[PDB]
Amino acid sequence: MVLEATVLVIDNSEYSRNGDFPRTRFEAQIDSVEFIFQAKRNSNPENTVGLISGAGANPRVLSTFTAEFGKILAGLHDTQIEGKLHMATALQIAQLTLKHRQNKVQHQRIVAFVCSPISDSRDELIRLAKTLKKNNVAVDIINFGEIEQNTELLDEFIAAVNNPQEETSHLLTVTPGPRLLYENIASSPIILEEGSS
Amino acid sequence: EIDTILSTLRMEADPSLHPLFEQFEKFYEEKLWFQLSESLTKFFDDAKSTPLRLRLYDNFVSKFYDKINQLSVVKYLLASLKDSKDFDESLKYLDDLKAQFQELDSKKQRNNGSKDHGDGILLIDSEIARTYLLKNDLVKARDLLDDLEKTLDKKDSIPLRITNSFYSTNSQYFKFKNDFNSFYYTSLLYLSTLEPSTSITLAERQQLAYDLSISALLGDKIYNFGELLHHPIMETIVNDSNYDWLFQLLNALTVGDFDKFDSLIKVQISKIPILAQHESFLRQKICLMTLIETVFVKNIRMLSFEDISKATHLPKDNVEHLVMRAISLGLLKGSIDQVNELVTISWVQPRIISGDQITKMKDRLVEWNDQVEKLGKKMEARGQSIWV
């Protein structure tokens, strides 16, 4: 792919531990965070990824942009397993992280695993929508948590963010069955995806 | 597996209680485990009294031994063993679990990511002490408090759930020893850190309130009577019948009258033998309160024995004893003459600040500001040619 800066967002809600993916969803996530980091690098090696949590009851910046998985690993193992995803804070935090980098000629991406339905205000969601369009930030959300009993509030906004543009923003929906979580992300486009230009 | 267990729970139970067993099984099939955890909570909230409560635990703990959060799981057992009428059985189950939690943490660490696991262990040791106390062993609980207290302090913080159980054990121990003073400190904290669960029955909260009121009537330096009636715990139970005359002993103390207090106490001393054994402390307590109060609302710093004797209904012989206990308790400071028969006060104890007293503070500060500003103007005119 192209030289890309990504914030990977990990949800540590209390639906992030559902038995849906073996063995537990939380162990499934350890394998996926590692898997995804790697997929991005092998595509084009000029990729970097930072790490922030969107949950724990608090969001926390673990890691800024790095080409070493050892830091990203280290931020992951320090977690507190209960939280609640604050959708709004993750988008903002991610956007500020993307303004400062070691390379400032890179694509601006946010990928977020969403393991719970959102409890966020409706008004709040509308503001971030145009914040992503101002700064020309495109976001793929991997959802397998907000389809379990919830309907996608997020859909409209993610659509809106897309423009003709080498990045395409996408809502990626994953059937939440047993086949393991890194595998469904792999069989979803996320480095098999095409542009909007 | 879970299927055989589920049938056995339903049969021995009532028809009303079949759909409860059914809710759990459903979450299990879908594998939504946030919902499974909540639905166990509805169970132990108000049906910890059903004979099947303990077994129901035994299937879920095995599955979620290391899969979900340790605080969640442990919570069920504790509530189950608050409803056992046989405490020898209660002690055995804890002793096994205590043992499991010491093995578990090896495994469990790698699953969470990296986490604590002393959380369950602290709660288990409290339950061992509480079983002992309902069986009247004061000493076995006594070495468990010391060891348990130190581990609170070792961490930067203990959770509210964990610390309620620690303060739960302390309350139980103290009322047997009959120290009012000790019982008082544990209860005020228990209300602060009180769990948001409806799982702690209101019946316990009421009972705890009655004993609290009793601690402060017999207490030794408690002049927080107004303060006790502000907090929800007493405020709302004022119009209950047995907690009427009980709060009237609070209110009589406040206003410092002796007749409302006399008419009340002669009935309740006979009726309830608690007020009988601590009679010596109860009478003195009014006398002390009258003294402090007359001193605090006024701005003068001395009173003759003659003023004091009418106020407290004591002769000038006992009044000198009354003064000595007050200084000693830490209510007042001053000195005593018997050759001019004055008590000279020099210190008053800061008490509840009322809206009116803030205005009062302020007036004096305006007086002092002007004085400083005036002096500093003169001190500029002076020394005008000699400065750095």
# chains A, B, ... in the order shown; residues from 1 in each chain; ligands from 1
>>> closest_atom_pairs(of="chain A", to="chain B", cutoff="6 Å", atoms="only C-alpha atoms", output="CSV")
residue,atom,partner,partner_atom,distance
A:15,CA,B:34,CA,5.7
A:18,CA,B:33,CA,5.3
A:19,CA,B:31,CA,5.1
A:20,CA,B:31,CA,5.6
A:77,CA,B:113,CA,4.5
>>> write_last_selection(atoms="C-alpha atoms", output="PDB file, in the first residue's frame")
ATOM      1  CA  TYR A  15     -18.367  -6.900  26.104  1.00  0.00           C
ATOM      2  CA  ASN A  18     -17.685 -12.226  25.188  1.00  0.00           C
ATOM      3  CA  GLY A  19     -17.291 -15.919  24.458  1.00  0.00           C
ATOM      4  CA  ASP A  20     -18.178 -15.511  20.816  1.00  0.00           C
ATOM      5  CA  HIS A  77      -0.325  -6.018  28.208  1.00  0.00           C
TER       6      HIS A  77
END
>>> residues_around(residues="residue B:143", least_positions_apart="5", cutoff="10 Å", atoms="only C-alpha atoms", output="list in words")
residues 129, 138 and 148 of chain B
>>> write_last_selection(atoms="N, CA and C atoms", output="PDB file, in the first residue's frame")
ATOM      1  N   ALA B 129     -13.613 -14.040  59.279  1.00  0.00           N
ATOM      2  CA  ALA B 129     -13.786 -13.246  60.468  1.00  0.00           C
ATOM      3  C   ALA B 129     -15.179 -13.053  60.821  1.00  0.00           C
ATOM      4  N   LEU B 138     -13.854 -13.845  69.420  1.00  0.00           N
ATOM      5  CA  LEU B 138     -13.514 -12.451  69.241  1.00  0.00           C
ATOM      6  C   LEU B 138     -12.113 -12.358  68.803  1.00  0.00           C
ATOM      7  N   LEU B 148      -5.306  -8.038  57.769  1.00  0.00           N
ATOM      8  CA  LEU B 148      -6.095  -7.386  56.768  1.00  0.00           C
ATOM      9  C   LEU B 148      -6.025  -5.906  56.523  1.00  0.00           C
TER      10      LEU B 148
END
>>> atom_distance(atom1="atom CA of residue B:322", atom2="atom CA of residue B:270")
26.8 Å
>>> select_by_dssp(residues="stretch 307-359 of chain B", states="strand (DSSP E or B)", output="PyMOL selection string")
chain B and resi 332-336+342-348
>>> residues_around(residues="stretch 91-94 of chain B", least_positions_apart="3", cutoff="8 Å", atoms="only C-alpha atoms", output="NGL selection string")
:B and (87-88 or 97-98 or 124 or 127-128 or 131)
>>> residues_around(residues="residue A:2", least_positions_apart="6", cutoff="8 Å", atoms="only C-alpha atoms", output="PyMOL selection string")
chain A and resi 44+46-47+107
>>> write_last_selection(atoms="N, CA, C and O atoms", output="mmCIF file, in the first residue's frame")
data_model
loop_
_atom_site.group_PDB
_atom_site.id
_atom_site.type_symbol
_atom_site.label_atom_id
_atom_site.label_comp_id
_atom_site.auth_asym_id
_atom_site.auth_seq_id
_atom_site.Cartn_x
_atom_site.Cartn_y
_atom_site.Cartn_z
ATOM 1 N N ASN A 44 3.641 -2.305 2.850
ATOM 2 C CA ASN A 44 4.569 -1.301 2.490
ATOM 3 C C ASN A 44 5.219 -1.039 3.777
ATOM 4 O O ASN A 44 4.498 -0.886 4.747
ATOM 5 N N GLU A 46 6.896 1.422 5.050
ATOM 6 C CA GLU A 46 6.952 2.793 5.535
ATOM 7 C C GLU A 46 5.780 3.125 6.366
ATOM 8 O O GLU A 46 5.565 4.301 6.628
ATOM 9 N N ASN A 47 4.964 2.147 6.865
ATOM 10 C CA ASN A 47 3.829 2.294 7.742
ATOM 11 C C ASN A 47 4.260 2.357 9.191
ATOM 12 O O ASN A 47 5.296 1.741 9.477
ATOM 13 N N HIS A 107 -0.581 9.268 4.986
ATOM 14 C CA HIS A 107 -2.042 9.081 5.043
ATOM 15 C C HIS A 107 -2.448 8.940 6.498
ATOM 16 O O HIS A 107 -1.699 8.518 7.382
#
>>> select_by_dssp(residues="stretch 69-249 of chain B", states="alpha helix (DSSP H)", output="VMD selection string")
chain B and resid 70 to 80 87 to 112 119 to 134 138 to 154 160 to 177 180 to 192 202 to 218 225 to 228 232 to 235 245 to 249
>>> residues_around(residues="stretch 78-90 of chain A", least_positions_apart="5", cutoff="8 Å", atoms="only C-alpha atoms", output="ChimeraX atom specification")
/A:9,11-14,52-59,114,116,118-120,124-125,128 /B:69,112-115
